[PDB]
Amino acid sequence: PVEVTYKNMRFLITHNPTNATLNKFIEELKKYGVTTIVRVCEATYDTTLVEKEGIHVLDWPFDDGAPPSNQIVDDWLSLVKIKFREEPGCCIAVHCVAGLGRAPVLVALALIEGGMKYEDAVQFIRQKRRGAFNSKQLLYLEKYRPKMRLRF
């Protein structure tokens, strides 16, 4: 599990925890200040124990190698501007089903929508995760034009 920050934002991509570690996961997650976790890939576990511990879990998927709707970008973008101004110092965890999968793509958007060019964000990310953004994803981010309503 890796982490990346920028301005008021600090994310944490992770690995789809098995039911076999959920108890430990929560402990890890809480040691980072993670308050929310977006699952963008198949859901493989209960959330009651998590939600039990003040950690909401939003479920907004989309097929890897596929642009995350238009709605999903809104919410993500909002969520990111809100949660961070609202909970100073908190982390937001995004996780996929396999491993990184498409999780970086979001974070990227978070960075792009924050005044970073897509490459500036791809590099900034591949700094933590050796290999991410398969050919297709690199295109999506490249084409992506920002709304840019993120105050800092």
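Start at 1 and count along the sequence shown; that's the residue number.
- The stretch with the higher mean CA B factor, choosing between 61-69 and 112-120, is 61-69.
- Stretch comparison (14-22 versus 136-144) by mean CA B-factor in the PDB entry places 14-22 on top.
- When the C-alpha B factors of 125, 93, 90, 97 are read from the deposited coordinates, the top value falls at 97.
- Sorting the modelled residues of the chain by their CA temperature factor places residue 49 in the highest third.
- When the modelled residues of the chain are ordered by their C-alpha B factor, residue 106 lands in the lowest third.
- In the deposited entry, the Cα temperature factor of residue 37 sits in the bottom third of values across the chain's modelled residues.
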